[PDB]
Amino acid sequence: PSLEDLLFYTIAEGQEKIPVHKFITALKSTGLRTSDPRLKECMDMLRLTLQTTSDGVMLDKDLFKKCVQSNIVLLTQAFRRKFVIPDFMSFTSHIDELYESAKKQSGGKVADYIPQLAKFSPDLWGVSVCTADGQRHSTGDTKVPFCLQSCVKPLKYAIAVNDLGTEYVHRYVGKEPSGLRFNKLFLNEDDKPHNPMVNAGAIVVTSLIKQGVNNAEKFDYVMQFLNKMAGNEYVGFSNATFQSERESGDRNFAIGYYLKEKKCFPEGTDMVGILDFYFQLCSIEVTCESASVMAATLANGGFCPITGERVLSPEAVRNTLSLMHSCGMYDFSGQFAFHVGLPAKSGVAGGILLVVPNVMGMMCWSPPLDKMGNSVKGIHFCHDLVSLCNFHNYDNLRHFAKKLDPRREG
């Protein structure tokens, strides 16, 4: 027996040679993209033979073997329906329907704080999916860049814990939700911020990352991190939104001084510089596609699913998912934890970073916010999603009424 040849006959159809396009559409049907970094060696040798013998273009059994040799094990699971979502083609059409149901909920008002988010038009709406296995799909405005804003708070919290450990980080910031009556308080009762997802907590967390180095190298350190989470897809930076966040963070300056007075930063902290670093981190840009890979990195125990390098310790992604659960959506986190039951983080540019643990990561983006600060279309999508699939943290995997389970076949 030989794994490359058994997969040959699977696609061969009892026939004698396989056209390459028939192989290519067979592959994309799995949800894989031909640009997948785990597939480069296979694709590089297909493009080569598609030069060496323009003659063709059909593959013997032993040239198919020459190309899939390198990435055979990943290819077999794709064609033997072993990915976490086996029928990826039907799942994506569900996403498409869920997308179009959100697309009609046209309320909310775009963030007006700076001329840079006000710049964004309300009809932009994109969702993109990345599974824990690398299967992708997008629909809508998924290649438009936008800033993470408070979508970055879980990403840097993971880095802090990854680099420093739970006990250190949570010596400086709590691990509970405020309570719907304390969106106004900076500190909890032990004089630490309530959790990493609130502005005072995010700021203290920023104060821990890569201490003793200057603000340029801290920034590069975090972005090399954010690149690994996204498999080197688009991670950018808008100086435009940074400058205006610099002139309008009166409240953040209020928090900054309060924290200095109550000695909540590590010793030797330059608080006014830390705020600048914090302002920068909120102006990091992503698209819906690149961020969906980040979310899937958290969904995948810290391994970036399209590259397979370990980016975060399991201790960091577990901690981050727990605090996204309960403190991820501003005042909506209680209701969101109840009705949707997914770790998510929302941001004021209209982004909602969504994680379905052990399944997939997502990014939804629509600039118009509701009155609690969350993307209107995004929130509508996430209710529609859990109402359709048994992804709620406390759905049952065995008995789930008329919910669909995409992890199953028939």
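In case it trips you up, residue 1 is the first one in the sequence shown, and so on.
**Student:** As stated in the PDB record, which stretch has the larger average Cα B-factor, 376-384 or 24-32?
**Tutor:** Mean CA B-factor is higher for 24-32.
**Student:** In the PDB record, does 397-405 or 12-20 carry the higher mean Cα temperature factor?
**Tutor:** The stretch with the larger mean CA B-factor is 12-20.
**Student:** If you compare 266, 334, 193, 249, which has the highest Cα B-factor in the entry?
**Tutor:** Of the candidates given, the C-alpha B-factor peaks at 249.
**Student:** Sort 112, 176, 97, 233 by C-alpha B-factor from the entry and give me just the highest.
**Tutor:** Comparing C-alpha B-factors across 112, 176, 97, 233, the top value belongs to 112.
**Student:** Using the B-factor values recorded in the entry, state whether the Cα atom of residue 58 falls in the lowest, middle or highest third among the modelled residues of its chain.
**Tutor:** For residue 58, the deposited C-alpha B-factor lands in the highest third.
**Student:** Going by what the PDB entry lists, where does residue 103 fall on CA B-factor within its chain: lowest, middle or highest third?
**Tutor:** Middle third of the chain for residue 103's C-alpha B-factor.
**Student:** Where does residue 43 sit by CA temperature factor within its chain: lowest, middle or highest third?
**Tutor:** Its C-alpha B-factor belongs to the middle third of this chain's values.
**Student:** Considering every modelled residue of the chain and its Cα B-factor in the PDB entry, is residue 204 in the lowest, middle or highest third?
**Tutor:** Its C-alpha B-factor belongs to the lowest third of this chain's values.
**Student:** Please say which third, lowest, middle or highest, residue 322 falls into when its CA temperature factor is compared across its chain.
**Tutor:** According to the entry, residue 322 has a C-alpha B-factor in the chain's lowest third.
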